[PDB]
């Protein structure tokens, strides 16, 4: 059975820590984007975005997407990333 085999697979490998690592890397990427490319906030005001191991990090990201007028929400992560990269590129082009 597919579901029974999935429970066996989960015992072979618990993906939780790797999903957590991916979240961290994703958050670090957002932080680098804000710090070096979007630069929407004052540097003093990026502290909450920077605190990537916080369980409240998504709340801050939601405020960030609002603050830069991103048309996507956090739940649409792939679209938010692409949009923020597009914004970063347009901000970067022409010094």
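Residue numbers count along the first chain shown, from 1.
Higher mean CA temperature factor, per the PDB entry, when comparing 14-22 with 72-80: 72-80. Remark: stretch with higher mean C-alpha B factor among 24-32 and 58-66 is 58-66. Residue 37 sits in the lowest third of its chain by CA B factor, as recorded in the PDB entry. Sort the chain's modelled residues by C-alpha temperature factor and residue 52 lands in the middle third, per the entry. Among the modelled residues of its chain, residue 2 has a C-alpha B-factor that falls in the highest third according to the deposited record.
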